[PDB]
Protein chains: 2
Amino acid sequence: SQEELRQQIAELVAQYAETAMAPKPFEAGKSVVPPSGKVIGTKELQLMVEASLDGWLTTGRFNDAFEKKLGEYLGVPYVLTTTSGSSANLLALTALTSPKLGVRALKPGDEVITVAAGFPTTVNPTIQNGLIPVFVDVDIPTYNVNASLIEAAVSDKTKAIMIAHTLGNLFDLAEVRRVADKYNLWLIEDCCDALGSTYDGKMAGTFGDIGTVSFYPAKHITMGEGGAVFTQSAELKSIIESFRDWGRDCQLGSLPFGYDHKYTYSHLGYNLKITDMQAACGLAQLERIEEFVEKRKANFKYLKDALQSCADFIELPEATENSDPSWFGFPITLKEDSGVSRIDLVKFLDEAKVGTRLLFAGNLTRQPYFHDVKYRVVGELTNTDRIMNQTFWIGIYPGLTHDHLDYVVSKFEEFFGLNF
Amino acid sequence: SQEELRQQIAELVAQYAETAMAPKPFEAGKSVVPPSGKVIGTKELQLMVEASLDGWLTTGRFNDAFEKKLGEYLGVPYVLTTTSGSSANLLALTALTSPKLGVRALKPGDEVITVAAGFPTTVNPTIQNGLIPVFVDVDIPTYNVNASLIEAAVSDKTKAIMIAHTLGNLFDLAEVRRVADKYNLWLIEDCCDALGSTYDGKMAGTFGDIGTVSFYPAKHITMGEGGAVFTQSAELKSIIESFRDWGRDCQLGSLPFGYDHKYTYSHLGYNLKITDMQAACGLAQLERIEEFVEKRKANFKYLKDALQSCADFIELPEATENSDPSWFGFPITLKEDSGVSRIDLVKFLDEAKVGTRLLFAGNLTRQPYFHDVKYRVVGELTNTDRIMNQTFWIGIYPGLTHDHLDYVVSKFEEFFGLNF
Ligand SMILES: *Cc1c(COP(=O)(O)O)cnc(C)c1O
Ligand SMILES: *Cc1c(COP(=O)(O)O)cnc(C)c1O
């Protein structure tokens, strides 16, 4: 009678969701236009109940299904789930320190090339593994690494490049891969805000050795808290897994014969696994990713077209050459000769119920926790500093309707006095 | 039909749990006697459904309730949830590296005193922060540090002591604290397998600066995957939370005035948070903790009394002086001169459906991943090696009835020919 009880519960929740998770009609001056948010329906809540009923708890039925369907969407054979994007970035960079990679293994002291205009945990794992971060400037209005500056940052200590596809926009993969392959550097693609982004027709994350993604509520799809590491190399997939799972194996050491393999450890590991409840949510969301990716590209096009009327005061976002960005948010840099400060605009928008966000750390090297970190900067961080000082982004996620954006646009116009 | 679509779901769930989480009648030869396992029911599945329906996903309503009730049970003000017991250990040790702790902040090169007879993630955080682990031997048959050896392992570089109350049994807190307070060393109590354990009447994990616990299915209570860091210090609580939450602040750097606090980072952080779904499961479990602790003590006394008949071949476990250990498992050391191997015994019990587990890493210094790690060992690890070779544990968790245990006892007797 269980199979029944399930399907009956599946109904009771489906009708609970249609009432709860229902889109509220937009209302200027009352409704908010957040920079991001999750979009969950019946399928999400249903599967989470299914997982709750299973009583299994740790990863299993749903986690297998999720890692599989996500591997399909991405076009990669190996996908490992983890606690968050940050955790995924950590596993990705840590995995390359495995002595199983012989001479290719990252060692304390080695250098990782990246940029300072990003999210802290894109860089932290490098520091947390005793490596030295080496920064170069980014470009505006793509808000991604200025590829041309990469080559000069390469020294004999350089072992890898780890940068994110900022806000869904892709970086110059053509130039990055060129510099990577030339010097035999590892490459890690932080796609935490770029699920669905393509470059030269190929899905983001599948160009380098390892790719990461996040399932925090603000990203493309969510599990509440969750993330994933994916690769095409079986060797890396096994190393990542070991690090995630207490560092356990699957010879060295002097353990007695017959010692349980389960309790044999080959790596300096962590326990960064998730539950099947989180997996379920993720699984339902995967049924909406294609839609989500399309609505983001649309909202971006619409919004930008409309906002072109303020081009004298703000610089609008531009997708990177030869790429089709699955926009995470809408970045805007306010001109210095506009007569007002970012604070003014943000505060104005805030009062208008229009949410905004700065570009994460702005300039990592100027963040307080970077006070005593050992790092190198090649060239100047002019654009990064400009980002920290003048840049901010707004919302184009699936939860925003054309009426939402129209409102945001009129506010920008009202602000700059363009409605007169 | 909202509150009420919700009270009706709770029904179809409370009735699905009757058939699903119903204890199966013991059957010798067919039924198994695992060394550990989760004991969940109606309440657990119900709350997880509530959280699922909430549609919040990230920590919230339930996580607040859980951290609160655990703080009450433990007798501490600050409790922070995290992804696992291993993550809890990671956050506890890392937090002490915060420059906010001035002169007494762990720095790479510093030493942390611990034992080699334990679990990998109890020690890894030390290594992962660039510190140096310093080991001293343990004692049988308590299986906890030989406290009298701590003193000699202390040096000018010693800044802390991080040890776990192995298998629920408590290490010699009196001597440890004495040594800690003397040299002003930080003390971290890994209580991942000791929830409910008391020493001198005082709850385990509240004698030192930071405490950690795990919620993996094998532990006292579960969330599938999850754990918690707890302390009595508001300062440590703030440092921990920052590290758990992207290292975001709770002045230095050169950020522009008005930069979003949400994006101001004071620590080299991670993202080790869980979902409210997990929080829910844990909350339900908290009701049954007192029952569980009482039951584990019962099964221990019973099993050990019954197994006293084999005292000639195996050494039975002994609670540490002046402690009321909330047993995690039942540790047994097979005598060398018994004429057989642990391999034989395990293999025999395995066939009999009696699950066994070695004492985790046995001897960490002999594990393959420790091949190149920098560490120090004061004195010899004689008992540790003995544990690696001759020790193992079996099941006394709440999911085991007297019929389960009696069956196990008959198998031990049958093995050593005591039934004759
Ligand atoms: C969100 C994010 C992360 C990490 O993801 P979490 O799930 O928040 O831990 C890493 N890098 C970038 C660029 C991100 O936006
Ligand atoms: C289980 C355990 C841990 C870590 O807990 P997880 O939830 O498995 O990551 C740490 N120390 C000890 C002694 C443990 O038994």
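We name chains A, B, ... by the order of the sequence lines, and we start the count at 1 in each one. Atoms within a ligand are numbered from 1 in the order they appear, just like the ligands themselves. As a basis for the values below, the full set of heavy atoms in this structure was taken, side chains included, without hydrogen atoms, waters or symmetry mates.
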| note | Residues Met388(A) and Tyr259(B): closest non-hydrogen pair is O-CE1, 3.4 Å
| Got an N/O contact under 3.5 Å between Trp246(A) and ligand 2? | yes
| said: Students should be able to answer this: which protein heavy-atom is nearest to atom 11 (N) of ligand 1, and at what distance? | reply: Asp190(A) OD2, 2.9 Å
| query | Is the distance between the ring centroids of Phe330(A) and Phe392(A) less than 6.0 Å? | reply | no
| task | Might you point out which heavy atoms bring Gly60(A) and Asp276(A) nearest each other, and give the distance in Å? | result | N-OD1, 2.8 Å
| query | Taking atom types as modelled and ignoring hydrogens, do the side chains of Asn363(A) and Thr365(A) form a donor-acceptor contact shorter than 3.5 angstrom? | reply | yes
| field | Region of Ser86(B) engaging ligand 2 - heavy atom pairs below 4.0 Å | value | both
| task | Any atoms of ligand 2 less than 4.0 Å from a non-hydrogen atom of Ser214(B)? List them with their elements. | result | 5 (O), 6 (P), 7 (O)
| query | For ligand 2, which atoms, with element, lie under 4.0 Å from some heavy atom of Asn271(A)? | reply | 6 (P), 7 (O), 8 (O), 9 (O)
| field | Residue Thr122(B) vicinity, atoms of ligand 2 by number, heavy atom under 4.0 Å | value | 11 (N)
| message | Closer than 4.0 Å to some heavy atom of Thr121(A) - which atoms of ligand 1 meet that? | response | 4 (C), 10 (C)
| request: Grab the two heavy atoms, one from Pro125(A) and one from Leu90(A), that are nearest each other, plus how far apart they are. | output: CB-CA, 3.7 Å
| field | Under 3.5 Å: N/O of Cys192(B) near N/O of ligand 2 | value | no
| field | Nearest candidate to atom 3 (C) of ligand 2, where distance is taken over non-hydrogen atoms, out of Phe360(B), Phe119(B), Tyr270(A) | value | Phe119(B)
| message | side chain to side chain contact (heavy atoms under 4.5 Å, CB included) for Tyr369(A) and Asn124(A)? Distances and angles first, verdict last. | response | CA-CA 10 Å; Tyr369(A) 84 101; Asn124(A) 297 359; 2.7 Å; yes
| query | Angle class for the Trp246(B)/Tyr216(A) ring planes (parallel below 30°, perpendicular above 60°, tilted otherwise)? | reply | perpendicular
| Atom indices of ligand 2, in the order listed, that fall short of 4.0 Å to a heavy atom of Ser84(B) | 7 (O), 9 (O)
| What's the verdict on ring pair (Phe, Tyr, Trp, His ring centres under 6.0 Å) for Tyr143(A) and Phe360(A), showing C-alpha distance, side-chain angles and the deciding distance? | CA-CA 12 Å; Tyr143(A) 307 97; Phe360(A) 309 130; over 10 Å; no
| field | ligand 1-proximal atoms of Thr166(A), by part, heavy-atom distance under 4.0 Å | value | neither
| message | What protein heavy atom lies closest to atom 2 (C) of ligand 1? Include the residue and the distance to one decimal. | response | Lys219(A) NZ, 2.6 Å
| said: Below 4.0 Å, non-hydrogen atoms only: which portion of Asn89(A) touches ligand 1? Side chain, backbone, both or neither. | reply: side chain
| Which of parallel (below 30°), tilted (30 to 60°) and perpendicular (above 60°) describes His220(A) and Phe328(A)? | perpendicular
| field | Protein heavy-atom partner closest to atom 13 (C) of ligand 1 - residue, atom, separation in Å | value | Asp193(A) OD2, 3.0 Å
| request: Pull out every atom of ligand 1 sitting under 4.0 Å from any heavy atom of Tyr216(A), numbered as shown with elements. | output: 7 (O)
| query | Do the side chain of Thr82(B) and the main chain of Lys273(B) share a donor and acceptor less than 3.5 angstrom apart? | reply | no
